[PDB]
Every structure is written in structure tokens, then in C-alpha cells.
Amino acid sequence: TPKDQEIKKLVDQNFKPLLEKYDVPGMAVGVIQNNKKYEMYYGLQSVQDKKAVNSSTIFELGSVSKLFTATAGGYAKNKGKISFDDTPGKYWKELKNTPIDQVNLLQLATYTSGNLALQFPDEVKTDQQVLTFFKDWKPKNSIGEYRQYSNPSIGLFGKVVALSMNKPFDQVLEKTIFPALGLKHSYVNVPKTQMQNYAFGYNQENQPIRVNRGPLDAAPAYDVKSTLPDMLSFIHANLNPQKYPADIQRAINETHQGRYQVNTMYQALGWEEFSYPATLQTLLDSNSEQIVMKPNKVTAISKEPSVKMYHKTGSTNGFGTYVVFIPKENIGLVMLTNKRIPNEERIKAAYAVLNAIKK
């Protein structure tokens, strides 16, 4: 198809060179435009097995997992199972009357507790250790005022969401959220029947690796795996939520609302949000060291931008992910690799493709 061939050309021009540049064994790049999916596959999901990347290949999403946690949270909130003004001790009773019970669920979900780093301490592994960490937590910066991107922060949010739904978090996603979104091969735990389709990731020494699940935040913050067709369906759902049943529709819409702004970036639930059209530099700035690694003072939303776009990067030690969608253009893109590549490359290559696709 001439449309199939234009898109393959653009991905070859912009994403294929990254394979040689970063020694990436395998890659899936998907574009959805006007409800039509385009899937492009490169290389091998397993080097040792000579198994090609294909429509069945399961990749680790890294921090793109946070988008499913955000959707789960929007689901629970719109079903009245939680309120974003609630605090965690309302649901995790051992946290009642501890300092972290001053932080509300929205602030946990959007990284503004004022004292949570990117990762749990190395020694925090068991469920009791996680509970002790949260009971012993004390505030630092003014609660709600400083965004510091944080796995334990959204992990606590995910734990509370799971408690409010009386299901373990993995079951919230696999039994409720994934099916509502129409996903068929998205997992927290890849079943034995699917291990043949689970790619190996690759470190810089080209050794095959897969994500090590640590404590209670692995699932909500970085432990989801999925396929290119599933991620395209997830972008389709975000582009056309009005096409989905009410429960998951409200959940999706909840993840599209800016909650505060930091420079040119609006922090939504999970998604990063930008006024559209957004410059490349704006999209690049959202993944700067300053934004990702350090605390930054937030500003309340004066007026939500009327035309928006959204993205999120994600990595594990062995995998890279990038997802982006633009409602006004009914277009979105997914990139999955089984080796990390710099976030700036993901964003630049996606930007070139999306801005070059004809109407």
C-alpha cells in the first residue's frame, strides 16, 4: 500500500540508523494514523535463538508502565473507590498517623511528596522493609510544591489503588485494566505459555538480561511488558477514549488532565503533556537531567492548553520505550527496543516521523 510504504520509508530514514549507531539487536516501531495501525519490525528479539522481532514479541516497557498505573488510578477514582484528596493511610492502615499520611494520592502519583527519590534505597526489598520505609518517612520540601520524579512515589500510589480495589496490583492490571483496554498480550507476569515471545534485553556488553523485580513499586513504576500491537491499541484508546466503555473511558480521560506545570511541561497522571504544536526542544527538555533527576518547583494550572500532545519515555536495564500521541492529528507512535538508546534519540526520531507524515 502506498500509505504503508510512505510510513516504512520514514521509519527507515529516522529509526533504522539507530540500530547500527547503538548496536540494538531488535526494534518495533508502530504508527497509528486515522485508526489505521502500521507495524514495522527490525532485527532479533533473541540473538542466541535467532528469533526475529515480530507482532508477538513482548518487550519491557520500563517507566511507560507508569501510564497503566495512572489509568488504573483514574479507573478507581471514577468508580469512587478513591478520591485524589485522600491520603494513603485511609487505605494502607499501618500508615495512618505517620508523616506520609499528610501526602495525598494525587501528589504521590505526580511526584510531589517533597521527599521521595527516583528509587527506593537499595536495602528496601521485602514487603515489611517497604512498609518500614514508608512508616519512617519524614517530609523535606513543602508537600505538593516540588516535583521529583520517583518510582516509590507512584509505587505507593499504585499500592493504594490496588487496596481500594481489593485486588493485588498485578491483578488490577491483568484482570481489569488490560482487558478494558482490549490488550491481549500485556503482562506484569509473563506466563509460561508466552515466554517464547518474551524478548531478551541486552546491556552494553550485549549480554541477555531481563528486568529484576524488586519490591512493591516494580509493578506500578517499571514492571509492565507488552507487544507492539498492544501498545498501538493503548495509543488508540488514548486518541479515541469516546470509543471505549464508560469505566475505562473516564479512566483514560483522567490521565489527560494537566495537574500542574514545570516550565513548558504539564504533568498529567502518568503522561507528560504539552501545548500542541510543541517544539522539538520542548519535548527534549522534558527528559533533561534537571527535570528527570532533580526536584523542580511546580506551578498550578492557570488554564489548561486547549490543544495538547502527550508522551512518555521508559527504560529498563535491557529495553527502551517511547510513546507519543497527538489528539488533534489523530496520530501516535510507539518505539520498543531490546537495548536502551538515549531518550533524546527516541524523541528526535519520533518527532521527525510524525511531522513528515502527510495528512
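In case it trips you up, residue 1 is the first one in the sequence shown, and so on.
Relative to one another, 213 to 221 and 70 to 78 have unequal mean CA B-factors, and 213 to 221 is the one with the higher figure.
The PDB entry records a higher mean C-alpha B factor for 298 to 306 than for its counterpart among 33 to 41 and 298 to 306. Each of 110, 98, 226, 206 has a CA temperature factor in the record; the biggest one is found at 206. When the C-alpha B-factors of 87, 126, 197, 153 are ranked from the entry, the top spot goes to 126. Annotation for residue 171: CA B-factor lies in the middle third of the chain's modelled residues.
In this PDB entry, the Cα temperature factor of residue 245 sits in the top third of its chain's modelled residues, the highest group. When all modelled residues of the chain are sorted by CA temperature factor, residue 179 is found within the highest third. Sorting the modelled residues of the chain by their CA temperature factor places residue 143 in the highest third.
Looking at the C-alpha B-factors along this chain, the one for residue 278 belongs to the highest third.
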